[PDB]
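Every number for a ligand or one of its atoms is a count from 1 in the order of the listing. So that the names make sense, note that chain A is the first sequence line, chain B the second, and so on, each numbered from 1.
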Amino acid sequence: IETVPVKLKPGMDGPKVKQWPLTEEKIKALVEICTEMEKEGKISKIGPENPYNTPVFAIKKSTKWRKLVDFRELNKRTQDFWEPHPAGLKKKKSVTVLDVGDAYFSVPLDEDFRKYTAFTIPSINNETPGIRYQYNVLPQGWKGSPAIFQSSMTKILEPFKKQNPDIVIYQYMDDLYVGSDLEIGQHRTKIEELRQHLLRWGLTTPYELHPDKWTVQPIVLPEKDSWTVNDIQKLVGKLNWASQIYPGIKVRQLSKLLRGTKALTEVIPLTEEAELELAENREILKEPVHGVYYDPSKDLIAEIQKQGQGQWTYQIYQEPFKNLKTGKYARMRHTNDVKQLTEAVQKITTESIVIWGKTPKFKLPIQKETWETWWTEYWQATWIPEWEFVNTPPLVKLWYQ
Amino acid sequence: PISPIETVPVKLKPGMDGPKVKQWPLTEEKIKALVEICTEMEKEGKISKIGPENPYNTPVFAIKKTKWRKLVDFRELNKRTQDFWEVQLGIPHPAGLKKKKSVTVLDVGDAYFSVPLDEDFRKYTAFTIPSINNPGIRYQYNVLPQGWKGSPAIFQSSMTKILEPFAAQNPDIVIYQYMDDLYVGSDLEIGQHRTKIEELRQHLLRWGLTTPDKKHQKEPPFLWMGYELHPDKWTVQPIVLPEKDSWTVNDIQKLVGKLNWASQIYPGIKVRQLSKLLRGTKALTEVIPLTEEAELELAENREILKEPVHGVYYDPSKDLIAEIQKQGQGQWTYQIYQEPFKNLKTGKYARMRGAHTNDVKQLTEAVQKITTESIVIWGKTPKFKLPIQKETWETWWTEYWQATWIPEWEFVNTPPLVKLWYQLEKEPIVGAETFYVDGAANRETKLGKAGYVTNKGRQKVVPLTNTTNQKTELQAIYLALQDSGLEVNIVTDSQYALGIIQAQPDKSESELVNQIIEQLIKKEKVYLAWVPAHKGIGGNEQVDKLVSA
Ligand SMILES: CCC(=O)n1c(=O)n(CCOc2ccccc2Oc2cccc3cc(C#N)ccc23)c2ccccc21
Ligand SMILES: [Mg+2]
Ligand SMILES: [Mg+2]
């Protein structure tokens with residue numbers, strides 16, 4: 001019933017972000033949702049003296065519509081206030097995500113800070129200036145909400161952690177990550193006990209992960225019965241690339257097999273010395289890299305390459321050529337490029353939350369306006385990472401393939 | 001006039017005090033006009049005489065441009081008052097208005113002066129009528145001043161709250177709000193509608209908002225924000241493309257402005273060569289000499305603007321449909337309509353988004369632009385009738401490294417059809433001569449050379465002046481295309497050149513790449529391979545030593 005005073009970082013004004021145009025259907029879904037939230041006291045209409053704004057989106061997590069707020073800019077502008085992570089969570093065999101964001105609506109928001117949560121339901125064709133609201137309670141998606149609720153959350157979870165000491169519970173924004181080494185049936189039972197415990201204590205709740213099976217995918221070299229000059233040139237070029245990461249790689253015996261000026265389709269027998277050199281290079285790629293250490297002060301970066309036939313490769317790093325994690329997602333196709341990319345982004349971000357406790361900054365292989373138009377059609381998570389848009393085609397594709 | 005509306009609280013920016021801009025002396029005639037205007041405004045409650053304690057001032061002026069009017073320079077008070085929720089910048093687009101049996105235009109008279117101003121803020125609007133002697137008639141505002149930062153957003157807000165009631169008990173009357181105007185439409189009997197208008201008038205008059213009587217209500221055609229609104233159609237206002245011997249930067253900006261404006265209804269407007277002229281642009285005063293292509297473009301625009309064109313309004317009951325046609329090199333044009341020859345609106349798209357591109361890429365971007373604009377104007381995406389076949393587009397978007405969202409569309413066979421002019425090979429070509437190419441340039445003397453060595457024993461070096469390592473690496477590829485048969489394998493060490501060719505462009509800013517494209521189209525099979533430089537890979541090392549010596 002009492003509010004927790006919230007501040008913005010010194011010398012920083014509230015967010016002023018443009019609301020994106022929406023289809024009539026998503027606007028209609030937002031008006032219904034916001035009428036009900038206004039009747040419940042969670043939001044109130046505001047006047048023209050509030051200049052701030054945060055974008056809102058209608059998504060589905062899924063037969064009914066849900067409202068998602070892009071508080072990325074407000075989170076940057078209050079972060080001092082909201083900025084631990086357990087390293088054991090990635091080790092657990094099963095990890096289940098629980099949406100606990102509805103519990104934030106029990107807690108009133110600092111009256112002086114509410115104006116910074118302003119948002120706009122847009123009109124079509126600029127017919128109306130748009131419907132304006134701000135938040136009376138802690139909004140989902142604001143990094144201040146789990147931080148203010150944190151004491152209540154510890155209090156509710158204390159009995160359960162007492163009962164189950166080997167079970168890991170990590171909270172990131174609106175979600176709880178719950179890790180065990182138990183058998184899958186025992187795990188889902190322990191999850192359901194925690195749900196019912198939360199439900200009987202007034203926290204409403206609506207994802208099974210297995211980080212014990214993740215890994216930084218090793219570089220793979222082709223295996224062919226007959227090699228052409230072109231195949232050896234590709235091979236030598238890929239090995240030359242990997243030699244920036246793995247120092248012991250050599251290509252002298254392989255490139256010797258091309259000495260002269262040969263037709264690209266000419267068949268070259270893989271001689272012994274060259275075959276040993278290739279076999280040695282296959283062994284060095286099995287061993288992992290060294291000196292790749294995570295730095296909590298630096299931003300995580302994710303790159304993604306379209307590989308075709310529903311496959312997408314990705315790398316997470318903080319410094320070039322120092323990958324912390326690599327991976328390859330596949331889609332068992334009704335599918336399209338945007339659906340697969342949206343899904344890959346959410347998977348990578350979830351993996352990143354589990355492993356390091358923050359979201360990476362994505363370099364997305366898509367045109368900005370195409371992403372801005374369609375990203376909500378398949379977005380089911382309650383968070384939103386940073387992103388930018390790039391091309392970088394060259395050979396990155398075939399090397400991570 | 002002044003309304004019983006609640007006020008909006010207003011603050012100055014934190015740490016800022018009110019303006020104290022001293023008043024300039026005014027002609028005795030202007031002092032007299034101000035005195036009679038202010039006594040009439042004090043009489044109406046809009047302003048009030050204040051004591052000598054108010055330390056704030058804002059300069060006041062009077063002009064007739066007879067009808068003397070009072071103008072107040074609020075620049076300093078504006079710089080000191082808080083920001084507000086931005087009033088409507090975007091205006092409605094005529095093509096998104098839903099046709100209505102009846103439409104009425106109400107001008108609210110003295111709109112701002114009818115809305116009260118926050119009590120605690122009135123002291124900062126203080127102004128003084130000058131005394132020839134110097135003396136000093138201090139005043140302050142009680143209503144929204146004209147030219148103050150807050151008036152548009154606070155009047156907007158107030159009018160929304162005022163209208164809420166009538167709207168509720170009249171949920172079938174559409175009431176657009178825009179500045180100090182209201183545009184009311186309905187599908188009723190001219191009589192019922194009129195009566196409903198008169199009700200809204202009297203309701204607004206109960207809140208202090210005067211509105212026009214039939215004898216004074218504006219009539220169609222409506223000249224509004226550069227448009228012409230008729231009852232059943234809309235178009236843009238007269239566009240006069242000037243005729244000049246010499247053209248400045250500023251003249252070209254105004255010219256592409258008007259042409260961009262005309263393109264929303266006149267199909268076929270092209271602006272790309274003209275806006276190419278403003279690249280380094282610099283000062284709006286610099287004379288920019290016109291290109292032959294800019295002259296032809298402008299001349300084709302005047303041909304189009306010779307014929308009158310109109311758009312129709314929206315019927316949410318009929319499908320929304322978009323067609324796209326190629327309009328030359330990199331230039332595209334589109335129509336959006338519900339009835340096959342009755343256009344809601346048109347537009348164009350002529351962006352290369354890079355030095356090189358291809359037709360299918362540009363068409364997909366055009367569709368993207370249309371999608372975004374449809375959501376803005378109608379709240380939905382259209383159906384697409386496009387001059388490209390599924391095999392063409394599917395091949396492209398499958399092979400394309402960038403994620404793409406291709407709508408459901410219907411091939412319309414109307415040349416020129418969008419096609420892939422060529423396709424590189426995916427596998428090396430048997431029997432085709434293999435060209436090992438390389439180029440080099442001296443980064444100081446700017447001199448260079450392009451050369452090849454093939455597997456048949458042919459070698460060649462061509463010399464180059466005023467060039468760079470990047471350009472010579474493209475010239476080496478061009479040379480191998482020139483000297484080869486209809487099938488050719490090419491091996492380069494240039495990541496630069498490989499990236500340009502692998503993208504498979506069919507149009508370019510650089511004539512060299514344009515030349516390479518002409519060669520690629522005449523070939524039957526081209527395979528392009530890449531190898532790391534200076535790694536002694538056969539064939540590549542020979543051309544390097546060749547173009548290096
Ligand atoms: C059909 C008869 C007719 O005169 N007009 C018509 O159907 N439209 C399209 C529908 O537009 C409106 C719908 C509801 C409220 C007002 C409407 O008209 C306007 C909308 C937006 C801005 C406007 C600005 C002016 C001015 N000046 C006038 C009307 C506006 C029409 C649109 C314009 C004019 C007549 C009709
Ligand atoms: Mg908003
Ligand atoms: Mg070279």
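Contact annotation: for B:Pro92 versus ligand 1, there are no heavy atoms closer than 4.0 Å. By the criterion of a heavy-atom distance under 4.0 Å, the backbone of B:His230, and not its side chain, is placed next to ligand 1.
Listed by number with element, the atoms of ligand 1 under 4.0 angstrom from any heavy atom of B:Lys98 are 9 (C), 10 (C), 13 (C). Close contacts between ligand 1 and B:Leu229 involve ligand atoms 24 (C), 25 (C), 33 (C), 34 (C) [criterion: under 4.0 Å to a heavy atom]. Near B:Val174, meaning under 4.0 Å from one of its heavy atoms, ligand 1 places the atoms 14 (C), 15 (C).
Within the 4.5 Å cutoff, side-chain heavy atoms of B:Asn170 are placed close to those of B:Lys196.
In terms of polar-atom proximity, B:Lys99 is counted as a contact of ligand 1, with an N or O under 3.5 Å from an N or O of the ligand. Geometrically, ligand 1 and B:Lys100 share a nitrogen or oxygen pair separated by less than 3.5 Å.
Protein heavy atom in closest approach to atom 22 (C) of ligand 1: B:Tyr183 CD1, 3.2 Å. Of all protein heavy atoms, the one lying nearest to atom 32 (C) of ligand 1 is B:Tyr313 OH, 3.5 Å.
Considering the Mg ion (ligand 2) as centre, the angle to OE1 of A:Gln19 and to O of A:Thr54 is 100° (10° rounding). The Mg ion (ligand 3) is the vertex of the angle joining OE2 of B:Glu473 and OD2 of B:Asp493, which measures 110° to the nearest 10°.
We find that B:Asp83 and A:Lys16 are joined by a salt bridge, their nearest charged nitrogen and carboxylate oxygen being less than 4.0 Å apart. Under the 4.0 Å criterion applied to side-chain N and carboxylate O atoms, B:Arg201 and B:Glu198 are assigned as salt-bridge partners.
A cation-pi arrangement is present between A:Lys67 and A:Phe119, with the terminal nitrogen or guanidinium carbon under 6.0 Å from the aromatic centre and inside a 45° cone about the axis.
For B:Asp438, the N, O or S atom with the smallest separation from the Mg ion (ligand 3) is OD1.
Taking the six-membered ring where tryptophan is involved, the planes of B:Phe155 and B:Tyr112 are tilted, since the angle between them lies from 30° to 60°. The aromatic rings of B:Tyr227 and B:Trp261 sit tilted, their planes meeting at an angle between 30° and 60°.
Listed for the B:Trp530 side chain is no donor-acceptor partner under 3.5 Å among the backbone atoms of A:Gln233.
Tested against A:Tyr52, the residues A:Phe71, A:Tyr133, A:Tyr116 include a single ring-ring contact (aromatic ring centres under 6.0 Å, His included) partner, A:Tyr116.
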